Each structure stands twice: as C-alpha cells, then as structure tokens.
Amino acid sequence: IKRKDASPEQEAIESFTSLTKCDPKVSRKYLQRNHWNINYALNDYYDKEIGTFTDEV
C-alpha cells in the first residue's frame, strides 16, 4: 500500500475494499465521516450496509 502511486486515502481505502466488497468510491465517503480510521469506519458500514443481521435462522 506504499507504492509509487499510493496516497494517504489509498492506505485506508485499499484496506476498506479488502474487508468489504463495496466500491472504493464509497470507502472514501465512509472514512470522511470518522477521521479516516478504518477501525471506526468499517463498523459504520457493518451497521448500515451489512449483508445479514441474524444467525439463528
């Protein structure tokens, strides 16, 4: 993530799109709302875009 084409947003977006299957363009928007912390950005996606809500059925 530290390539000669990388960016500060790329260092957080390339790991967001690795832990989710959304588009990178949404990863930028889900970090512009939590000071660009992936440990405080993935949860907002797991609250609003999660693919499931139960495991007992």
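Residues numbered from 1 in each chain as written, not as in the entry; some residues may be left out. Heavy atoms only, no water.

## Here's the deal with the overall build of the protein chain
- Within the protein chain one finds 3 helices and 0 strands.
- Reading the helices (α) and strands (β) of the protein chain from amino to carboxyl end gives α-α-α.
- With respect to the principal axes defined by its C-alpha atoms, the protein chain has extents near 50 × 20 × 15 Å.
- For the protein chain, restricting intrachain contacts to residue pairs at least 6 apart in sequence, the fraction spanning at least 24 positions comes to 20%.
- For the protein chain, the accessible surface area stands at approximately 4,600 Å², while carbon and sulfur atoms represent 51% of it.
- Between the centroid of the 9 positive side chains of the protein chain and the centroid of its 10 negative side chains there is a distance of 9 Å. (Helix = DSSP H or I, 4+ residues; strand = E, 2+ residues; numbered from the N terminus. Contact = heavy atoms within 4.5 Å. Areas by Shrake-Rupley, 256 points an atom, 1.4 Å probe, with all protein chains shown as cover. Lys, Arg positive; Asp, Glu negative; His and termini not counted. Charge placed at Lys NZ, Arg CZ, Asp CG, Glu CD.)

## Focus on unusual backbone geometry
- One non-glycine residue, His35, adopts positive backbone phi at about 60 degrees.
- Phi at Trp36 is positive, roughly 60 degrees, even though this residue is not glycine.

## A closer look at the packing of aromatic side chains
- Going through the model one piece at a time under the given rule, you end up with 4 aromatic pairs.
- Relative to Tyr30, the ring of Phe16 has its centre 6.5 Å away and its plane inclined at 40 degrees; by these criteria the two rings are tilted. Remark: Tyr30 occurs in the loop between α2 (24–29) and α3 (42–48) and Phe16 occurs in helix α1 (residues 10–19); sequence separation between them is 14 residues.
- Look at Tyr30 and you get buried, because its relative accessible area is 10%.
- Centroid distance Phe16 to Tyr45: 5.8 Å. Interplanar angle 80 degrees. Geometry classified as edge-to-face. One end of the pair, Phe16, is in helix α1; the other, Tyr45, is in helix α3, and 29 residues separate them in sequence. (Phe/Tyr/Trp six-rings, centres within 6.5 Å; stacked < 30°, edge-to-face > 60°. Buried < 20%, exposed > 50% of the residue type's maximum accessible area, 1.4 Å probe, protein only.)

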